[PDB]
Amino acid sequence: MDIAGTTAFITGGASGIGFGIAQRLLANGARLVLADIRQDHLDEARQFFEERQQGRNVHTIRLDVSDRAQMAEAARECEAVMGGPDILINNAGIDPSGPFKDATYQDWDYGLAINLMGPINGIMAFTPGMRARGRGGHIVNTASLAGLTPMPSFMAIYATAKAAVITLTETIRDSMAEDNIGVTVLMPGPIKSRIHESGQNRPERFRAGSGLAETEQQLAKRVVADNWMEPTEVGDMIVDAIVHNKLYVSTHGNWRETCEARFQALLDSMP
């Protein structure tokens, strides 16, 4: 689908991959709504676009993607202020990793709430209007290559949710197609971002009784490696996927062999 003249609603749009997607959709003629739980990220994103005299084409909404009431309100606000959206980017996510024995129910609930229920809530809150408006559209869900290649137990909560997002995206394709809405699942490798701030991003209700605060603290000190991919490169991959209705986008090839081995072991289990 043509991006010019559309509105894109981008969760986690004010940092990292979502912000890279935002820049490149704007560059291709979309107007934007950036939805994010971090007011400071939103403010920074707004300033960045204002400096480039693009502030009129960008609206910001502070919300938690795991709060269904806020998501319903955001669908109304998006339509009223910016129109649409035609493009739905369910990209917000966090890193809930840590020693498996330390994780508590609060950590499971947090990890699944943001990384799996966020995209579901986006689909549920936004797609009825995308269908009704009858001008097609596109949905991008950000999963991870960690949802595909075998991962260790320290990453259980993350990998479990991200594998679900891949399958969610595959399964909804034919329903969305009824109304000329395409879908893409984005599976990144290492991208420069601020996901190391995940501890700050954890919603208040999941804080008490977490077993993983120490891990979040350590994570916050992790250096963004210079050889990780730039978010704008990912943004261009997403433009391409929307234009050409591509189901799968992977940013890196480094896990081809490990995925092949997993796939082989799965096939080998079949009579």
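Residues carry their position along the shown sequence, with the first being 1.
Here the stretch with the larger average CA B-factor, out of 44 to 52 and 198 to 206, is 44 to 52. Remark: stretch with higher mean C-alpha B factor among 223 to 231 and 31 to 39 is 223 to 231.
Ranked by C-alpha B-factor against the other modelled residues of its chain, residue 65 falls in the lowest third. Sort the chain's modelled residues by C-alpha temperature factor and residue 96 lands in the middle third, per the entry. The deposited CA B-factor of residue 251 belongs to the middle third of values across its chain. Per the deposited record, the Cα B-factor of residue 188 falls in the middle third when ranked against the other modelled residues of its chain. Remark: residue 111 belongs to the lowest third of its chain, ranked by C-alpha B-factor as recorded.
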